[PDB]
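[1] Would you be able to build a 3D model of this:
(2 chains)
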Amino acid sequence: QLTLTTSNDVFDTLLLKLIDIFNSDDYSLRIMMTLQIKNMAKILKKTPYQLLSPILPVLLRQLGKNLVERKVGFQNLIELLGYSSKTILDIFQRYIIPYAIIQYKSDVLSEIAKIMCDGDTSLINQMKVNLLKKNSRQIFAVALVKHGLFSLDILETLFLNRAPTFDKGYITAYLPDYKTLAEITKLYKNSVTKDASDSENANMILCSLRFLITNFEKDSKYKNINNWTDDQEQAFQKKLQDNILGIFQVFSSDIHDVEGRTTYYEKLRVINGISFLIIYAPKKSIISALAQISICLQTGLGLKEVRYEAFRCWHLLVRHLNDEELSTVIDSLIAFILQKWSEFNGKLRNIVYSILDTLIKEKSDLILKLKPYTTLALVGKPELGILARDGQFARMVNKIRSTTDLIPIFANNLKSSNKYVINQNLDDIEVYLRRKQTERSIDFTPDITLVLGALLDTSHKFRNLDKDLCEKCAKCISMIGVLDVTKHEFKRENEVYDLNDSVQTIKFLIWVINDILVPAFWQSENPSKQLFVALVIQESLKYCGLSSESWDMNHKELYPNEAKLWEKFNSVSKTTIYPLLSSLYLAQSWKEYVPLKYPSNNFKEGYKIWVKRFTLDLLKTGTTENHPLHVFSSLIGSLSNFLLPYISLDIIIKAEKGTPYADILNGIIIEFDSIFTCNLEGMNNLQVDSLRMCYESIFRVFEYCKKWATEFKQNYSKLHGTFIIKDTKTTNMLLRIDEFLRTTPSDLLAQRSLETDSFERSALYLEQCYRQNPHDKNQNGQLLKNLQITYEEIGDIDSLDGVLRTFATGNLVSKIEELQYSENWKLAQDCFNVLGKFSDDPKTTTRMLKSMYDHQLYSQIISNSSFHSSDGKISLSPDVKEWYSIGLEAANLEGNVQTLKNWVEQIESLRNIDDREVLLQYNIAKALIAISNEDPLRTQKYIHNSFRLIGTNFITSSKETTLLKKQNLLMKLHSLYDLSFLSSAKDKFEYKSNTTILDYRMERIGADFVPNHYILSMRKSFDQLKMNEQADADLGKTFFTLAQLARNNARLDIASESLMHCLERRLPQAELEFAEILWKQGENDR
Amino acid sequence: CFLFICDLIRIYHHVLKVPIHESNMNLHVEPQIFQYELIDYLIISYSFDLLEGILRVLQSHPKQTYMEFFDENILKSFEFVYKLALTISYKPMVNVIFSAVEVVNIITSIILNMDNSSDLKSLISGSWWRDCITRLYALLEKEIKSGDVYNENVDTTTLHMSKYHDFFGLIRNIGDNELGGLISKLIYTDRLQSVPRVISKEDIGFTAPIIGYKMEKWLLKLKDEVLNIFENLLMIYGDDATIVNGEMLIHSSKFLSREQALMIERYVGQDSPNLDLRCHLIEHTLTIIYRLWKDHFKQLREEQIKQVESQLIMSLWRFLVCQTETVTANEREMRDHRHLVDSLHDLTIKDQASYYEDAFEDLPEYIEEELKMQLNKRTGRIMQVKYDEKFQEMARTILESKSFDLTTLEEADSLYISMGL
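    Residues are numbered from 1 along each chain as shown, chains lettered A, B, ... in the order given. The coordinates are given below.
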């Protein structure tokens, strides 16, 4: 129970103190310790194996000394663990062989052979030679380090004393491996302090570090620093620059253990090795190591038992580095501390105090001058008390709360990957936005649309992970509210593209590396893929092949060409990839053809391997050591599509081909026709979103060949284009568009275009098949009706109107949906309510309730007895559940107690609730009855449930929506938050304050009638729910104001039916503007 | 009726098969309905309660008249619903676990109390046994902690009696019945209907964790019943079989050791009413160890005793440490110690002496003489020193006994010095 109160360092040391006094061979001690360790394991809910496996590499390491003697102690240890001896031996042989080989000569290696092969003495020699063939690098580490012997002859002595099969003298010198350097760098066996023993074996591991190929077989001793000369370091510097990438890619492979039987002791010595190598490396090496060293210690941070060492390795990372770089990897600091402080003991609390006061001590240029989000986050949680710690920076943070254009950097840093920093970003959004709401002066200038679109498409992205993040992002954009389109926009190809001209290929490739480096190559996972990253940026600088023989920034200065190529080179890229200008990594000779023209994998897989073979075929026929496109063979799940557009521009090269280019063109186009044959097969998501996304991606490269074809005609007409033929390559251009203009299965092409989002070009490839067809024809009508449903998708109601009035004249009940939006909705509405009045047909009754909804006859919706009867509504809500889903919202925005109460408690009696919108409006209604019962915490519970629903099920992305289409979401969420925080009100001072900033909301709404009406009618519904007397004053004035906007938008029957409730409560100004609606209409006299 | 309830529960199939964890996107957005859940929770619970009732009235039917009830379909249907009940990959309803183990109790009890057990055990395949016993072991290797009974937590370790099924039941009154008013409000009571009246699911739900203590009392009686039917099946198979196979050294020894160790660490001085039954669990599973040792040594394999060599001998030593007798020795300070830890039994015995016992008035100075012995030995048995000498002797005659080399003589004195001796 003393160990039960201990965290990682003390915990491990005391576990060692448990098991050694267990191995103090007292019988009572033995049995009591076994009992206590088993109970401790089960109350920690672990097996004793994984419980002690953090220290089992430390524990039986010394049992490897006296394993000829302590067979009984090792036997008690293995029967404690419950496994066999070999089951732990094969996995923890990494740490006994160190002190089994280099020790005294009467080896326990014979006994580890005796256990390693138990049933057979078949060949102990091959048992020896294959476990040393697996693990012979490690004895290079121990023999050069753990006792410092250098001589290759005594190395061969310790080989062939026990390894007679170790032939040819010394077998192949794999000792210059990056894995060999990554395992030799692992003896920063430090302490909380620095011993003289720690100093001398630190200099020893420095000597074994610097011992490499310069005197590999040429040995000097390298047991002393004196032979470290002032000449050999630079070749050592560039050689170590070649090492370091493979080194911490080996580290990344180590800590991302797919085996998962190992422990974090390897992770802790990895943290030791990283700390050591950043102690001992120059500026060039420590900045060539920038990107996924951070991700490696993010993996270290995530684990429950390697915190404190990773925090102090943060701390020495802060020690040994300046502030010009290092911006890109320190968001993790403030994210982890601001999102996870509530666990932390006094140890982690005061060392993170050391972190933060270091950061404000020497790195103020990075903190308060470069990344002001770090400042605003650290002071936006003053709960940690940093102003109380230092205080002198209060004037500086007061100035920085003023001096930030903070919205675009919100939009920047919110585009991260892991949950913590973006959760912190939107938490900053939450507190900053409620602060701007209180101070009444948030700027909606003609931008805030950037940060709300960033929130929108992140919530689009998190549709399958962290519903809590979706909920909090939803309430963040509820706080941002509406942001009407009426004076505002929604921000969302780059440049004309070719292949010939040198400076445009330079601009093209620098845009390429700008697109692919900073999101994707600052966070990858595969170590071979980050080696591929280094390879592709290396060959990019081979194409702009300077700074490898004579050029440096202003050290060389001798030509302004790379000065221009470096000033146009972006400053973020200038930071992140300047130490890789002397990259020395070389690829491998590429493999066979791996043949093609399979439609089966094109059907069942597509983007998995068929689109990959597609890319690899057309590149291995494409360039063949002529372009950077040759090297991209080793990226082949986002590594595709974009590349997939730009890979397929290789058509220009021929007029007479003599080559398989048109062969592979016709082949991939008939593979696309094999895709085109597919019609959904009666199959689940494995068809109907996977092959759909295949359609979308190949559709994307289709619209790229559209885009590049037209911009690749425009680029040769920028200066002039009347030279048209350009010596037969224009004929090749029109040959490309000839193939692509014969490649139109316009039925199926437009069909899948309409089936995916693709609204406007789906309409356009309906337009061209309205061009090329018989005009009076049978095939027109389906491409009229799906065109009008995609114009329901397009949201342009008057485009819908022109379509319904331009030869869409089937039935009269199909032709009376035009006055619906042609200013005469009343005749349309009572036509639909006499249509659907028999309440049996699905279509007429659904359009009855919907058309009745769409011009705000909401009292008639709620009084409509399609649900009201001698009982409630229809149990087991059928396929026309959209009757309900259009009725509950009207019941919300015009509410009472009893009808809302009994009707949503009718609709709860469903067994399942499959529609998203009925559950949305259900939960906002149950929040309304909860505050009828006056319980604001349960009210907020259901409001946050509704936040969860929209964040998980409603939200679509950017690039696709002028937010007219988003208004149905952001309207309801603005109303919901406005309901929410004054549901969470206390007294009348708070209440009038809430209504005053609701008047600010009514300022920032603009004058869009349907959201105006919706929000303040929801306010009206709530303060007629609340029978408080200032709620009644607020009721009367909001009745008055919606009568005002109804007068302003000239539908003054709803102005009357609202304005009555303040006429009868003695408002003479409401009398006067009742008089003005009467004066407006026809009624001068009264 | 019995086979009807068995295939009735395999009709109502998905209730005891809700998965361990929800998805990351298994949203708790929901209409928060409770009425269908209440319907089928009552269906399942009352069904298993009826199974228990059928088998106790069948037990009350005489000891000649069982073959009319019993055939293979009985055992097959109950074997399916038993694997359905004591689930592994699904969320367990504790209610039906009570019933399902009480069924097996009635089964093994009438197997003991009939003369023609041979026809019944010949009807029984040993697969039915060794599929029951694994779920019994996995049940007994769970824990009982008051502060997270009514919390929803990690599975398969905390018999936790979920908030959304909390009523009494047909035989026993297992909870508080927070849901009884909701059973009343299941119907509109002024109307003829079939659709349920509304129950919003989270209107249910800080005053007293005595609810937690009595639920602990139920669960301690439950684990008592588990080891009780272990005892019963050992007395069935006095002879050795597939299931009298040594694992009731391992699992029962693990239970005994843990409920002694963290008894001493955690409970003595926690003054909950459950302490006495929690330390009666160890008192009874000591005998479960003991007669398994003495009368069933023939199957007790050499490997499995070494699988449990630490905990068995240590559990025996935690009774052999109590032969020192250096705490009690008197009357005076012991009643101070029972003020310290056993004031709850003082409340109990004052309420019994004041209201609910005929013999507890006008005490003639021979019968409170019994009390000033038995409360004191009871509070010693709570305080983990001074068990009964017969239990100390039973723990002695396993470790000292030469049926197996538990210790050597040069290792046993290393334990005798840990008392003195």
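[2] Give me the nearest residue to residue A:1086, chain neighbours excluded.
    Nearest residue to residue A:1086 in three dimensions, chain neighbours excluded: residue A:1078, at 6.3 Å (Cβ to Cβ, 6 or more residues apart in numbering or on different chains). Quick note: C-beta positions are derived from backbone N, CA and C, even for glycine.
[3] so that neighbour, which of the three states?
    What DSSP: H, G, I helix; E, B strand; the rest coil gives for residue A:1078 is helix.
[4] Burial check on it, number of neighbours?
    15 (other Cβ atoms under 10 Å in any protein chain shown).
[5] Can you give me the distance of whatever residue of the stretch 301-450 of chain A ends up closest to chain B to residue A:302?
    Per Cβ to the nearest Cβ, residue A:419 is where the stretch 301-450 of chain A lies closest to chain B, at 11.6 Å. As for residue A:419, its distance to residue A:302 is 11 Å (criterion: Cβ to Cβ, to the nearest Å).
[6] what do you get for residue A:649?
    Distance, residue A:649 to residue A:302, by Cβ to Cβ: 42 Å.
[7] And those two? Which one has more around it.
    Legend: neighbour count by other Cβ under 10 Å for residue A:649 and residue A:302, higher for residue A:649 (18 against 13).
[8] Can I take it that the more buried one is in a helix?
    No: membership of residue A:649 in a helix is not supported by three-state DSSP, which gives coil.
[9] so it touches residue A:499, yeah?
    Yes: under the criterion of Cβ atoms under 8 Å, residue A:649 makes contact with residue A:499 at 6.5 Å.
[10] for stretch B:135-145, how far is the first residue from the last?
    One end of stretch B:135-145 sits 21 Å from the other (Cα to Cα, to the nearest Å).
[11] which outside residues touch it?
    B:82-83, B:86, B:88, B:97, B:101, B:156-159, B:216, B:219-220, B:223, B:226-227, B:229-230, B:247, B:251-252, B:254-255, B:274, B:278 (Cβ atoms under 8 Å, 6 or more residues apart in numbering or on different chains).
[12] That stretch: which residues count as buried?
    B:135, B:136, B:137, B:139, B:140, B:142, B:144, B:145 (16 or more other Cβ atoms under 10 Å in any protein chain shown).
[13] Quick check: the gap between residue A:528 and residue A:285.
    From residue A:528 over to residue A:285 (counting by Cβ to Cβ), the distance is 22 Å.
[14] quick one, which of the two is more surrounded?
    Higher neighbour count among residue A:528 and residue A:285: residue A:285, with 18 against 12, using other Cβ under 10 Å.
[15] helix or strand right after the helix or strand encompassing that one?
    Applying DSSP states H and E as the criterion places residue A:285 in helix A:283-288. Once helix A:283-288 ends, the next helix or strand along the chain (criterion: DSSP H and E) is helix A:292-302.
[16] Tell me which helix or strand comes right after that following helix.
    Helix A:292-302 is succeeded, C-terminally, by helix A:307-319 (DSSP H and E).
[17] relative orientation of that following helix and helix A:292-302 in degrees?
    150 degrees (axes from the mean of the first three to the mean of the last three Cα atoms, to 10 degrees).
[18] Give me every residue in chain A lying close to chain B.
    When proximity is defined by Cβ under 8 Å from any Cβ of the partner chain, chain A lies next to chain B at A:1, A:26-28, A:30-32, A:34-36, A:38-39, A:42-43, A:45, A:79, A:82, A:464-467, A:875, A:905, A:907-911, A:913, A:919, A:922-923, A:926, A:938, A:941, A:945-946, A:948-949, A:952.
[19] Not counting its own residues, what contacts stretch A:855-865?
    Contacts with stretch A:855-865, where a contact means Cβ under 8 Å, 6+ apart, come from A:825, A:829, A:849, A:852-853, A:886-887, A:890-891, A:893-894, A:899, A:1010, A:1013, A:1051, A:1054, A:1057.
[20] Look at that stretch and report the distance between its end residues.
    So stretch A:855-865: terminal residues 19 Å apart, Cα to Cα.
[21] next one: it to chain centre, how far?
    In terms of Cα atoms, centre = their mean, to the nearest Å, the centre of stretch A:855-865 is set 44 Å apart from its chain centre.
[22] what's the answer for stretch A:1003-1010, then?
    34 Å.
[23] Can you tell me the number of residues neighbouring the residue of the stretch 151-300 of chain B found nearest chain A?
    At 4.3 Å from chain A, residue B:198 is the closest residue in the stretch 151-300 of chain B, using Cβ to the nearest Cβ. Counted with other Cβ under 10 Å, the neighbours of residue B:198 add up to 21.
[24] Check the secondary structure at it for me.
    Going by three-state DSSP: residue B:198 is coil.
[25] Now it: closest residue in space, sequence neighbours ignored.
    Leaving out its chain neighbours, the residue that sits closest to residue B:198 by Cβ to Cβ, 6+ apart is residue A:905, at 4.3 Å.
[26] which element is that neighbour on?
    Taking DSSP H and E as the definition, residue A:905 sits inside helix A:898-907.
[27] buried residues in that helix?
    By neighbour count on 16+ other Cβ under 10 Å, the buried set for helix A:898-907 is A:900, A:901, A:903, A:904, A:905, A:906, A:907.
[28] Let me know whether the fifth one touches residue B:199 as I believe.
    Meaning residue A:905. No: in this structure, residue A:905 is not within contact of residue B:199 by Cβ under 8 Å, at 9.7 Å.
[29] what's next to the helix or strand hosting residue A:528, contact-wise?
    Secondary structure assigned from DSSP H and E places residue A:528 in helix A:527-543. Helix A:527-543 is contacted from outside by A:245-246, A:249-250, A:252-253, A:291-292, A:505-506, A:509, A:512-513, A:517, A:521, A:524, A:547-548, A:577, A:580-581, A:583-585, A:587, A:628, A:631-632, A:634-635, A:639, using Cβ under 8 Å, 6+ apart.
[30] ok, 6 Å please
    A:245, A:249, A:252-253, A:509, A:513, A:521, A:524, A:577, A:580-581, A:583, A:585, A:628, A:631, A:634 (Cβ atoms under 6 Å, 6 or more residues apart in numbering or on different chains).
[31] Take these and, keeping just the buried ones, write it as a ChimeraX select command.
    Only the buried entries of the contacts of helix A:527-543 go into this ChimeraX selection, using 16+ other Cβ under 10 Å:
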select /A:245,249,252,509,513,521,524,577,580,581,583,628,631,634
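[32] Quick one: residues in contact with the one helix or strand residue A:179 maps to.
    Assigned by DSSP H and E, residue A:179 belongs to helix A:178-184. Under the criterion Cβ under 6 Å, 6+ apart, residues A:137, A:141, A:243, A:246, A:247, A:250 lie in contact with helix A:178-184.
[33] Give me the most central residue, chain A.
    With distances taken as Cα atoms, centre = their mean, residue A:417 lies nearest the centre of chain A, 3.6 Å away.
[34] Can you pull the phi/psi pair for it?
    Main-chain dihedrals, residue A:417, degrees, to the nearest 10: phi -110, psi -60.
[35] go on, residue B:33?
    phi -90, psi 150.
[36] ok, for it, nearest residue in space, not its chain neighbours?
    Once flanking residues are discounted, residue B:33 sits nearest to residue A:908: 5.2 Å by Cβ to Cβ, 6+ apart.
[37] Enumerate every residue touching that neighbour.
    B:31, B:33, B:198.
[38] same thing but 8 Å
    A:922, B:31, B:32, B:33, B:35, B:198, B:200.
[39] out of the residues you listed, who has the most neighbours?
    residue A:922 (28 neighbours).
[40] Quick check: next helix or strand after the helix or strand encompassing it?
    Residue A:922 belongs to helix A:916-932 when elements are defined using DSSP H and E. Downstream of helix A:916-932, the next assigned helix or strand under DSSP H and E is helix A:936-953.
[41] okay, the angle between that next one and helix A:916-932?
    Going by the same axes, to 10 degrees, helix A:936-953 makes 170 degrees with helix A:916-932.
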